[PDB]
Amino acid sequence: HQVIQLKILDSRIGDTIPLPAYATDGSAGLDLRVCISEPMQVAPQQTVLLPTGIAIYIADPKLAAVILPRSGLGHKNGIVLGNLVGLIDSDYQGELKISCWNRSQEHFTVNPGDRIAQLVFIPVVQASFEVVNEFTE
C-alpha cells in the first residue's frame, strides 16, 4: 500500500460518518460519503456541490486520484458527476468535493453520510514533449 495523508475537516468524520475505506481486499476504489447536515434534494438536471468533510494530500507526483460515479447510482438513478470524472492532483490540499449531477428525470434524495461517488488512486506519468516535424520510431 501507499500512505496518503488525510485531514478531517468536519468532526462527524470518523464518528458518525466513516472514513473512506476499501470494501474488500480486491476493491479498486473507495466509496466517498457526503458531509451535509440535512437531507438534500437533487432535482432532474440539477447539479449540486457536495462536501466530503475530508482533505487528502497525495504528495507523490507519480500518483493521482479520480472521482467516479457509483455504478448503481449512475445506472439506476442517474446520479453521476457534473464534471463526469474528477481529477485530484498530487499537490491539491483542499477539501474533496463532489459535483453531483442528476442526469435522470426523477428527483433524488441525498442523506447525510450517503456514499455518492468513488475515489480511485492511479499512477500517472508526467510527460515532456519533443516538438518534431514528423513522427519517428
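In this text, residue numbers run from 1 along the sequence as written.
For the two regions 16-24 and 114-122, the entry's Cα B-factors average higher over 16-24.
Here the stretch with the larger average CA B-factor, out of 42-50 and 79-87, is 42-50. The PDB entry assigns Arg70 a C-alpha temperature factor belonging to the lowest third of its chain's modelled residues. In this PDB entry, the Cα temperature factor of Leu32 sits in the middle third of its chain's modelled residues.
Annotation for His107: CA B-factor lies in the highest third of the chain's modelled residues.
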